[PDB]
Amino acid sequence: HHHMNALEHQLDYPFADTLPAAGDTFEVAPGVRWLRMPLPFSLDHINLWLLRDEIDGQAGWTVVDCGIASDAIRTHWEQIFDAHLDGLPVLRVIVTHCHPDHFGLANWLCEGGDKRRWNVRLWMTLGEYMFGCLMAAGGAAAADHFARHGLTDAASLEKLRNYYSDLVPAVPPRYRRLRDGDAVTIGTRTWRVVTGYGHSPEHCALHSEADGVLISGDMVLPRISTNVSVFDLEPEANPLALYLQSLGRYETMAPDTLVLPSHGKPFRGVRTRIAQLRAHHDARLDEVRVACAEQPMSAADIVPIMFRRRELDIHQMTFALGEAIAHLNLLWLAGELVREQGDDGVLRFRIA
């Protein structure tokens, strides 16, 4: 499903192949601890952050992201509670975006974990909190969306008509809203909210400019590309253009910025990684331009060029198809393509 970074050697990993063991922490900067939780997908882990802090005279910790709601991840959090918090409480929970591996356990943490050790506030952007609430409170519409984009396998379309709430079983009933540019004081640092678009409604990245640390969430990952998909809720969305524009926010940061990604390892070379991501989507866009210059193309037609050797499952094709529509929509909305609905009800794109 993901696109792997073959130019990883152009990045430098300041801790080489060190990984915190499940249930342990590793200090990546003074008062900034790295946690790694297991996930049962092809992406087998998420990195979470523990930040030493003091709010209103109470010493403690600010958590960044939560994990999915699994028994494994709950157990590792309790180990961390017992052993690696210096006996201090969590003071608040910051969540970068609504996706289940970042948000699933936000309510459990806010309610103090299995032993209800504290009661603290969720911090989140409005778009991520609203969308997660909506998704945690939720079909045929998705099947028709993909049908117009070339998914004609009758078995596949029927399966789609017939997951989030299991991983995000509960949502905090209140939140404190973060917005772009907000200053969040955490321990000795001023972290600045840096909003990102295209991947999710209103992704919150945190930048500590004085010492050059970036909690990049899923917007800048060293080993994989960031998913951008067009879904049925917003069928004319331009997430790829939104994503490429949001990347400009990191291109200007200091070259030695320590990037703390949600997947992969802490790395330096944020400007180098942005250049790789731009090249990748420009190469992927060019493949679409070429294909649409021969004959009109649907998203299902685009998938085998964009994603060579998928052998993909039904769930996998959902994100592959959504990414093709993202690339087709960028060129369509930019005037490089013309979109037409064929007699079979499928949407196709051709060069202008």
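Residue positions are given as counts along the sequence shown, with the first one as 1.
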item	value
Interval residue 138-residue 139, deposited residues with no coordinates in the entry (none, 1 to 3, 4 to 9, 10 or more)	4 to 9
Gap size between residue 163 and residue 162, counted in deposited residues that the entry leaves unmodelled	1 to 3
Entry-level comparison of average CA B-factors, 52-60 and 307-315, reporting the higher stretch	307-315
Stretch exceeding the other in mean C-alpha B-factor - 224-232, 188-196	224-232
Peak C-alpha temperature factor (PDB record), options 209, 282, 182, 166	166
Residue with maximal Cα B-factor (values as given in the PDB entry) among 92, 249, 148, 174	148
CA B-factor ranking of residue 26, expressed as a third of its chain	middle
Third of the chain, ranked by Cα B-factor, where residue 296 sits	highest
Ranked against its chain, the third holding the CA B-factor of residue 37	lowest
Third of the chain, ranked by Cα B-factor, where residue 152 sits	highest
Residue 115 CA temperature factor, ranked by third within the chain	highest
